[PDB]
Amino acid sequence: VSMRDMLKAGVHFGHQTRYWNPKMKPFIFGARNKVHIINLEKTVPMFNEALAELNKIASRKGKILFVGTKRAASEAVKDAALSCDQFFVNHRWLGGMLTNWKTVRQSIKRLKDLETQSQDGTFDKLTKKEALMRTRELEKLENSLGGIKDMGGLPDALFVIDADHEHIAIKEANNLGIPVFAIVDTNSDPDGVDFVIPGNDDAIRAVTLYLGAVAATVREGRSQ
Amino acid sequence: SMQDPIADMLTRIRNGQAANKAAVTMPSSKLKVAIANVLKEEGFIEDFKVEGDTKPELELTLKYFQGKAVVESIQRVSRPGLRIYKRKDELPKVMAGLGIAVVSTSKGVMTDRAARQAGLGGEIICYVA
Amino acid sequence: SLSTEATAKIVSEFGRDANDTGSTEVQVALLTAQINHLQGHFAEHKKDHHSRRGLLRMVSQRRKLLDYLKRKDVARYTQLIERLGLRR
Amino acid sequence: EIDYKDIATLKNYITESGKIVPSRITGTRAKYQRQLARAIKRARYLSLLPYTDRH
Amino acid sequence: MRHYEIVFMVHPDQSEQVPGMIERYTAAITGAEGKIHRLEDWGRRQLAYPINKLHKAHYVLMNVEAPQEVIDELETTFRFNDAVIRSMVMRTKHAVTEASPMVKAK
Amino acid sequence: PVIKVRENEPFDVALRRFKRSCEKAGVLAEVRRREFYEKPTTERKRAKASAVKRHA
RNA sequence: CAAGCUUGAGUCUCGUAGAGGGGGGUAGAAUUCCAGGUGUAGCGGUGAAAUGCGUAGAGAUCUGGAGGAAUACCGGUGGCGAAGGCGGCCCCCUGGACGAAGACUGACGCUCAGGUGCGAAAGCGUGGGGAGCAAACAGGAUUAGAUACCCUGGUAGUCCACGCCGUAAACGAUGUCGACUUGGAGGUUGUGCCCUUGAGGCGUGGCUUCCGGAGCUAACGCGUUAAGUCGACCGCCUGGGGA
Ligand SMILES: [Mg+2]
Ligand SMILES: [Mg+2]
Ligand SMILES: [Mg+2]
Ligand SMILES: [Mg+2]
Ligand SMILES: [Mg+2]
Ligand SMILES: [Mg+2]
Ligand SMILES: [Mg+2]
Ligand SMILES: [Mg+2]
Ligand SMILES: [Mg+2]
Ligand SMILES: [Mg+2]
Ligand SMILES: [Zn+2]
């Protein structure tokens, strides 16, 4: 992606001065209007370097977990994630998805049993409450685990929208040695992130840019 | 008051290092400059400079490795409240020789290793590892 | 404290000039003057303890200056205290 | 600038019963709150302002 | 020399002595080589509250540059004099020479 | 809190005014405050405590 | 030991804020008391009462006067001081702090056993003063008892001068001085700059409050006002009771 290309989306916009985490001094151009302005000189080479390692990982059949549970961007992360044959977490992250995977894995089995049964097993003969009551369960599981339902194992990398919002997921990764690629906004802590991508992590236009870029390079790395 | 400027030097290093500072600066002195020389020569800092003539400010460029400070510990030994002197055959070694002790001799400031090899003792200024 | 006219005047009397405003002799003369003025103040206001701690500071401070001078130039010291009529 | 003789301005800062209005309500700087209260107090002594609604 | 703002208010029944009190006070300031900088004869003025069962009282204003001795004499002679029901000398950092809000207010 | 009823204003409205003038003026609070001696240490203690509560 | 050096420390100039100290004046609110006018059978007090006060007219109301003590509002994690502590207004005498600019002195500095001084309240001595409050004490109640808590009184004392005492959870339960180490929001008080063009915009000192980072810590928590990283000097601890 290009410096020119990024600037338009507003990747350069950050949070206010009052909410910054000092660790992110190197990546801030300066500030204007009591808002921090990130350095796009720093962003692009670091971002491109993120894409390269992702491209490498994807080319050894690596599994990529997109994580971004902001309500505003939840859908964009999904389409971004599905467009490259990978996996996602787009609603509230259940603590222990990775560290307690063996237990959370059971819920995945439950998911499949449910949509399989509701279709091929079909039922539709119910009791009248089970139609919604089982759908209720299935509805819930889908948002929670729809994106990793077929992940099978532990992912080989995490891509994360907002390191502070998703601090839980990034911490589990850290414990399992899984590398973390993350959009890390001026207010966040970049310590948990192996490849830090510093830019806005809210605005749907900015979010889609990195994500659109991320999903595209996976396919290149896939297409070989 | 400022009665030990060498401890001050040690500490400015230690704290800026802990604070992942690129450099540290302090009022200069021959004795500081002699110690900075040993640190640099033994690879505990990058380099150093003194700037000005009438009020010389000495500047040390610190050194980092694996996102780690090269200087692990840096402590004052002899001090205004308790001078420590050693003989050649009594010279301490730090970390079994992995670190160094800075020693001040009749032939100027050098490491425990140097002074040992040159048959000398002196005032033990500090330990560094 | 001392008036600007009375301060300037002593600096003239004991300094190398009008601007030699920090020489030891000058500093000690100025303290002397203010101590002796304040002799009057505490004669009437014996219960003004707080101010007295300030006077006692002028004293202990003049004592340190006089000792430094004595150490550095006894001849300059003797003159200075005789001239200020001190020590008894 | 504030003078106890300017009873016109001073009146804006006292209540119906001649009580001084706190800085909170008036939103007057803290340095001048003091200056005002000293001028209202001065003005009271000189009977250019009442102490109380009573009189 | 120190600067002072002086205000004294006279029993209305003695308002006729007020000219004389001014002439005298001035003479003891000029006489101690002080200056007089502002003088306002406010005349009778309504009181905010009663004092000595009086409503109204003759007011006089004075801004002056003078020594402690003459200022001393003035503070006592205000106590002495029974015509003066209230007075107040306040120190001011510099002279003043504009109409008081009283001159303007009429 | 002095009040003067205006013409064709009911006795009630004027009263409600009066009670709010005293609510505004702090009379009863003031009288409550002084019914009994409070030690200086105690009112300093009260003052800190309300400063503290006046953080939300 | 000798000569220095100017950054530590002082001195000088002009300003700023302050319940910093001491003395002298003075003010309006209230209580109690004294003297009267109106008025008449209660007031006062409590959980309920009674003691107490009132037909020698209380209480309530209006008026005039005496006296003492304290200074509502302002008033505020506001300010000042070494600590104790300091609050109406005015003057006089006086200590400290801080800022701006440049000149002067030239390490004159930090700490301090012993020593000296200061040091809330209560208490002590002499003489004043005495409204309110109130140890003691008396009376009324409560209670199984009630040497209390509550009520009606009330002496020392609380106030002034001059002496004494030298103690407090005298506390930040954190000795003093200096250097160094990420941040956010405020309060207070200097000062440089900007169509002052708005009650502002950009800096730069002093003090201060609330959070919090690393680090520290048994934890609680502390966290550039350190309980972090260091140095100089002092004071003190060595199981509980006995003490
Ligand atoms: Mg009265
Ligand atoms: Mg002063
Ligand atoms: Mg010289
Ligand atoms: Mg006594
Ligand atoms: Mg009682
Ligand atoms: Mg007695
Ligand atoms: Mg003790
Ligand atoms: Mg904290
Ligand atoms: Mg912590
Ligand atoms: Mg024992
Ligand atoms: Zn964000």
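Order of the sequence lines sets the chain letters (A, B, ...), proteins ahead of strands, with each chain counted from 1.
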- prompt: At a heavy-atom separation under 4.5 Å, does D:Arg44 approach chain E through its side chain, its backbone, both, or neither?
  reply: backbone
message: I want to check a possible cation-pi pair here: E:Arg45 against E:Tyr59, using under 6.0 Å from ring centre and within 45° of the ring axis as the test.
response: yes
- request: Decide side chain to side chain contact (heavy atoms under 4.5 Å, CB included) for E:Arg2 and E:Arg91; before the verdict, give the C-alpha distance in whole Å, the side-chain angles of both, and the deciding distance to 0.1 Å.
  value: CA-CA 7 Å; E:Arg2 300 256 189 90; E:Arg91 202 169 145 193; 3.1 Å; yes
query: Is E:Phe78 atom CZ crowded by more than 12 heavy atoms from other residues, nucleotides or ligands, each under 6.0 Å away?
result: yes
- request: Search all heavy atoms of D:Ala43 against all heavy atoms of D:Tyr4 and return the closest pair with its distance.
  value: CB-O, 3.5 Å
message: Under a 3.5 Å threshold, yes or no: a donor from one side chain and an acceptor from the other, between E:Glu65 and E:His37?
response: yes
Stacked cation flag E:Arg86 on D:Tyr45, 6.0 angstrom / 45 deg: yes
- prompt: Is there any residue in residues 5-13 of chain D with a non-hydrogen atom under 4.5 Å from a non-hydrogen atom of chain E, and which ones are they?
  reply: D:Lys5, D:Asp6, D:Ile7
task: Tell me, please, which residues at least two apart from E:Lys104 pass side chain to side chain contact (heavy atoms under 4.5 Å, CB included).
output: E:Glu98, E:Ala99
message: Quick check on D:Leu48 against chain E: is it the side chain, the backbone, both or neither that has a heavy atom closer than 4.5 Å?
response: both
